[PDB]
Amino acid sequence: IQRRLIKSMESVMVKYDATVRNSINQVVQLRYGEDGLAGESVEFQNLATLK
Amino acid sequence: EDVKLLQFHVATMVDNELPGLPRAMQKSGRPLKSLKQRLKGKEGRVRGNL
Amino acid sequence: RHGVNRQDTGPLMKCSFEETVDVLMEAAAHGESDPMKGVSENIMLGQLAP
DNA sequence: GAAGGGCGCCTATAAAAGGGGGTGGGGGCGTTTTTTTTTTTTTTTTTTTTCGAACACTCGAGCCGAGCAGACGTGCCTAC
DNA sequence: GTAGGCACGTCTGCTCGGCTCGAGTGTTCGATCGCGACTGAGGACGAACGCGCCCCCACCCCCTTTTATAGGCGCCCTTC
């Protein structure tokens, strides 16, 4: 299951205008992860206004 | 018959696992390793060496 | 296997995954052109991957 | 009968010449058939988690078009 | 000049042929984690095979007899 999965997604990558596109240069997302943030720099937070 | 035999030998040269067809063998009885088999699996050129 | 091959990616990528000879035979027969734009084709070819 | 003894043929060498015979060397036919009804067996049939679709193919089926035939309508001939 | 009746034309529906549809059956593909790391399988590798035996041909050999020379031995016959 892991080998098959990597084999699909391998060529997707964030380009220098920050839209995420695969090998034939089709757009996957307009911004990576819909906000353009990094996954190792995020944290869990509480939203005050749902009070 | 010669054409049928030639057609078989050149086919078995390229691909030796043809469905419904006998397979090429040796005195050992081992199936021949044709070019498709060499490419095909985990131990094949595409994945194993390349 | 039967879905990834419907993608409009270059033929050499599709060979690197389970289809081996068969996708190359069809690629040769249609005469498609592989633009070496993706990660696998470039690593197999040996030039610095993008 | 069993056993030991005596007589005689055996193989080698030679060397020739005519003719029958053998093991080939190579090509042929690829049979068809005689049956023995066969080693081609059931591998494991599965012990299953089996597909996993995709694609080709099967077979049937229903809508639709043209032609045909009768009913309805029109066109043509005869009699007062 | 005019009206009624027989044949032909018009219209609609039934039958046949033509065109496209799927549940079903078939094929047929495929992969089955990573790595190891050991030997040692090192004797093979028994299968080689006739495939099926067939005829034509080519070439070499066996086939008698001579005589001397000698072990090896098969057979007959008398004695045990």
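Residues numbered from 1 in each chain as written, not as in the entry; some residues may be left out. Chains lettered and ligands numbered in written order. Part of a larger assembly, values for the part shown. Heavy atoms only, no water.

Its PDB header names cryo-EM as the technique used to obtain the model and reports a resolution of 3.9 Å.

Where the PDB entry is consulted, chain B appears under the name DNA-directed RNA polymerase II subunit RPB1, with the organism given as Homo sapiens. Within the Protein Data Bank, this record goes by the title "Human core-PIC in the initial transcribing state".

Chain A has the name DNA-directed RNA polymerase II subunit RPB1 in the PDB entry, where Homo sapiens is given as its organism.

Next up on the list: unusual backbone geometry. Note: most peptide bonds trans; most residues except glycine with negative phi. Even without being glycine, A:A18 reaches a positive phi, approximately 70°. Relative to the assigned elements, A:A18 resides in the loop between β1 (13–14) and β2 (20–21). The phi torsion at C:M36 lies on the positive side, around 45°, for a residue other than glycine. The residue C:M36 is located in the loop between α2 (21–30) and α3 (39–45) in this model. (Helix = DSSP H or I, 4+ residues; strand = E, 2+ residues; numbered from the N terminus.)

Attention now moves to the protein's contact with DNA strand E. Around DNA strand E, a shell composed of A:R3, B:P19, B:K27, B:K40, B:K42, C:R1 and C:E18 is seen. The contact atoms of DNA strand E, taken as those within 4 Å of the protein, divide so that sugar and phosphate hold 96%. Between DNA strand E and B:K42 there is a distance of 2.3 Å, counted from a phosphate oxygen to a side-chain nitrogen or oxygen. With respect to DNA strand E, the backbone of C:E18 contributes an N or O atom lying 2.9 Å from a phosphate oxygen. When the residues that make up the surface near DNA strand E are grouped by side-chain class, the tally is 1 nonpolar, no polar and 6 charged. (Near = heavy atom within 4 Å. Polar contact = N/O pair within 3.5 Å; in protein donor to acceptor, adjacent residues only side chain to side chain. Nonpolar A, V, L, I, M, F, W, Y, C, P; charged D, E, K, R; others polar.)

Contact with chain C, which involves 6 residues of that partner, is made by 6 residues of chain B. Regarding the contact of chain C and chain B, the summed buried area is about 550 Å², with carbon and sulfur atoms giving 82% of it. Among the residues of chain C in contact with chain B, C:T20, C:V21 and C:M44 are the three that bury the most area, contributing 65% of the side total. For the pair chain C and chain B, the number of links is 0 salt bridges. Our enumeration of links across chain C and chain B arrives at 0 residue pairs in polar contact. Within the residue set of the side of chain C that touches chain B, elements represented by two or more residues are α1 (11–19) and α2 of chain C. The class makeup of the residues in the side of chain C that touches chain B is 4 nonpolar, 2 polar and no charged. (Contact = heavy atoms within 4.5 Å. Buried area = accessible area lost by both parts, 1.4 Å probe. Salt bridge = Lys/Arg side-chain N within 4 Å of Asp/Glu carboxyl O.)

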